[PDB]
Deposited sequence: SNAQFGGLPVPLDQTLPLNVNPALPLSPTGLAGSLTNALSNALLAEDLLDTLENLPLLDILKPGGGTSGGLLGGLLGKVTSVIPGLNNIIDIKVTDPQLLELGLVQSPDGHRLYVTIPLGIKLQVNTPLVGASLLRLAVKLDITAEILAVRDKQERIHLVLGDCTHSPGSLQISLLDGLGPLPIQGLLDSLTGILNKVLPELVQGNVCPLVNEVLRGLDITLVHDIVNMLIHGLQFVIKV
């Protein structure tokens, strides 16, 4: 089980994210709510209608194995966080299954060490974004295509930033809380541009 920094880093990050309930965060995404044609929305709220009429359940929260890359100059790290969820598109009113979807996405987190004016070194989360072009949607009686088009269209434009804004704060929290010695050895080796991530 004991190993060098890179391996300790990815295991420590994985455990910590899960222990901060990453999988509840994913499960609880306000996917629906953050959302003519647009008059229709105003209509169904003026009538005692059963709402919305559409509902989306997020299930099957999944964190996959972290990946890790160190920059050429050895000063910076990039952690890839591969995430997976299932979306179940239901209509309450008829009360039936419309769609089940698998979605997969990557967060990239940029880790660097930087030295303040008083010779101290800090572990800093630099960038933290959805990885462009990493979104993947996959369909798991009725013609249903209608949905699956302005639904993968919505998801394309809405899901990355929602996940990013939900998962990156967690990533920030897990960095601050790493083992003190694992932090100190990692900042010491990035700041002196010494390679340790092997591949």
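Visitor: How would you list, in order, the spans of the deposited sequence that the model does not cover?
Guide: Those parts of the chain that were deposited but carry no coordinates are 1-26, 62-71, 177-180, 240.
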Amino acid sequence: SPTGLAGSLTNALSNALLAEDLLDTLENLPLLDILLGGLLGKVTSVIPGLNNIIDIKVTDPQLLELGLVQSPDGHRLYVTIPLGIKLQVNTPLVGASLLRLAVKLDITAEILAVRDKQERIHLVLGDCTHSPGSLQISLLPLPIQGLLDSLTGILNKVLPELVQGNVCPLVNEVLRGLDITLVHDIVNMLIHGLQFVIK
From here on, numbers count along this sequence of modelled residues.
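Visitor: Take the C-alpha B-factors listed in the entry for 26-34 and for 63-71, compute each mean, and give the stretch with the larger one.
Guide: Higher mean C-alpha B-factor in the PDB entry: 26-34.
Visitor: Taking the recorded C-alpha temperature factors, which stretch has the higher mean, 95-103 or 110-118?
Guide: Here the higher of the two C-alpha B-factor means belongs to 95-103.
Visitor: Would you mind finding, among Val171, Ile56, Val163, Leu135, the residue with the largest C-alpha temperature factor in the entry?
Guide: Result of the comparison over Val171, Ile56, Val163, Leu135: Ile56.
Visitor: Quick check on the deposited entry: does the C-alpha B-factor of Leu50 sit in the lowest, middle or highest third of its chain?
Guide: According to the entry, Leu50 has a C-alpha B-factor in the chain's highest third.
Visitor: What third of the chain does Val167 rank in for C-alpha temperature factor, lowest, middle or highest?
Guide: According to the entry, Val167 has a C-alpha B-factor in the chain's lowest third.
Visitor: What third of its chain, lowest, middle or highest, does the C-alpha temperature factor of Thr80 fall into?
Guide: Lowest third - that is where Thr80 ends up once the chain's C-alpha B-factors are sorted.
Visitor: Taking the chain's C-alpha temperature factors as the reference, tell me which third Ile198 falls into: lowest, middle or highest.
Guide: It belongs to the highest third of the chain when residues are ordered by C-alpha B-factor.
Visitor: Could you look up the Cα B-factor of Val89 in the entry and say which third of the chain it sits in: lowest, middle or highest?
Guide: Highest third - that is where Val89 ends up once the chain's C-alpha B-factors are sorted.
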